[PDB]
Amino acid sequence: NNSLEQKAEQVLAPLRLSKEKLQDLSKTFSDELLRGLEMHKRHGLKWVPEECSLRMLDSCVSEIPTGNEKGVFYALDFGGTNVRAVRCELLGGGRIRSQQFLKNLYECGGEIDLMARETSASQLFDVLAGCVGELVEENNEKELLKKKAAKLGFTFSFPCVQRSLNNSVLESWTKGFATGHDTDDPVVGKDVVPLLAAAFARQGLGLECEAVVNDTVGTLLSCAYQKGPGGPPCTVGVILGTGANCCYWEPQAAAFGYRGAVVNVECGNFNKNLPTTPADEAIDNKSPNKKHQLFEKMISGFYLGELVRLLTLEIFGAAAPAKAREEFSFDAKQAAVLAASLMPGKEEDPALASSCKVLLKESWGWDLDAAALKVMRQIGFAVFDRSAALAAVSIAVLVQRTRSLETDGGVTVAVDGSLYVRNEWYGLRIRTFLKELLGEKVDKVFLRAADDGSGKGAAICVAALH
C-alpha cells in the first residue's frame, strides 16, 4: 500500500487513452483502411502485409435484407468441432423463428476421427450434411425439399480464399483439424461448396448452398433483417467476444475491385500507432502468433484477463498472490467483475466491491485488504475501458467510411460477442468514446445487439438473394 497507489497510477496511466490519442488512432486507422482498399485494387486475393495490416477481404455480399423477406432458409455453421445446423423461418416484419441441431465432431463417426489426417473430405462433409439432414428430418421436410430445394448459407470459419459468394477454397486448417491431409480426397485447396453439395446429394437432401458467409458479415445481416423494414441502415457489423473483428458497407467497393459491397476488415491485425504498454508486449511475446492480431490483443476477451494479471504482477510486486504467476489464471469474466464495480455511478456501491473481494479469494486465494482491493478494481476498470475505447475507434472509422450518416442521416451498428452481450456497461462505455470521437452526431449512431451471425446471419444472406 501507500506507494502502491503511486505505482498503480504510473502503470495504469498509459491505459487511459485521452480524446486526442483516440482521435489520432482514428486517423491512423482510417488511413490504413484506405491503404487496404488500394491494396485490394492492385492485388486482389493476395494479402500484402507490407502494404496494409488489414486484409480487407471481399465478403462477396451485396444484397442487404429489407426485413420483409419470407420463407424457410437453412444454415450450416462449421467453425470448429461444435457444428450447428440452423433452420430459420423468416416471417417478415423482421421476425425470425429458429431451430438448431448440434453435432460434436469428437463424438461423431464410428471408429473414425473426423479431425484426423486419414479422414477424407467426403467423410467429414457426410457428417456436416447429416447434421443439416437431421434438422430437415425433425421438420418432416425431406420430401418437400426433394420437390423444391431450400437455400442454405454456409459459415465456414477457417482461412479461405473466396472468389465469389458461393466459391471458397480452404487455404489451411486451424483449430486442431487435419482432415484429408493423408488422402486423395483433401479439403485443403478445394472449394468447399462442391464438397458440401456432393454430400447433400449422397443423402438425397434438397439444399442448395448459395453463399459462404463470414460470421461478422452474418452479424451485420442478422441485424439488417431483424431491426425490421425502415430505420437507419445497418452498414457496420462488429464482434467483440473472445476475438474481435468488424465489417462494413463500402460505398466505392466496385472501384476498388470488390464483387461484394461488404468488406471483412479483419481489424484484429491492425498494428499501426497502437498505444502499446509493457503488458501488451509481454502478451504478444509469449503468444503463438507473435506480431499478429495486436489490436485484438488489446481488445478481446481472450486477452483482457491476461492483461489484468500482468498489470497485477507489475503493480503489486512481491505482494502479488502466487496464482497470479500462472498464465490464464484470470479470465475476462473475472476482469468484468472488477471493471463493473467502477462503472459510472457504481464506484461506492458496496455489493459490487464485495463481489470483487470474493472473486479474488476464489480465483487467486488472495485475502487482500481494502486498499489492495481498490487498486485491483482500478486495474480491471482500466483494461476494460481501454477495450471499449479501442472498439469505439474501430466503429467510428467504419461509420465514417460507410458515409451512412451523410447519405441516410443515421447508421445502425450491429454488435455481437460476449464482451458486449454479457456486460451492459460495455456498450455504454463504447458510446461515451464514440461521442468523444464523433461529436453530437453520435446521436445518429445506433448500436444494436445482433444475434447468431454464423447461423441466422448465413440463412438471411441467402434469403436476400431472391
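One rule holds for the numbers: they count along the sequence shown, beginning at 1.
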Which has the higher mean CA temperature factor in the PDB entry, 399-407 or 52-60?
-> 399-407
Entry B factor averaged over C-alpha atoms, 338-346 against 164-172: higher for 338-346
Of the choices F73, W366, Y258, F78, which one's C-alpha carries the largest B-factor in the record?
-> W366
Taking the values straight from the PDB record, which of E89, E306, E111, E250 has the highest C-alpha temperature factor?
-> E111
Comparing against every modelled residue in the chain, figure out the third that the C-alpha B-factor of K297 lands in (lowest, middle or highest).
-> lowest
Consider only the C-alpha atoms of the modelled residues in this chain, order them by B-factor as the entry records it, and name the third containing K441: lowest, middle or highest.
-> highest
Quick tally, chain-level thirds of C-alpha B-factors: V415 sits in the lowest
Taking the values exactly as deposited, rank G427 by C-alpha B-factor within its chain and report the matching third: lowest, middle or highest.
-> middle
Lowest, middle or highest third of the chain for the C-alpha temperature factor of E362?
-> highest
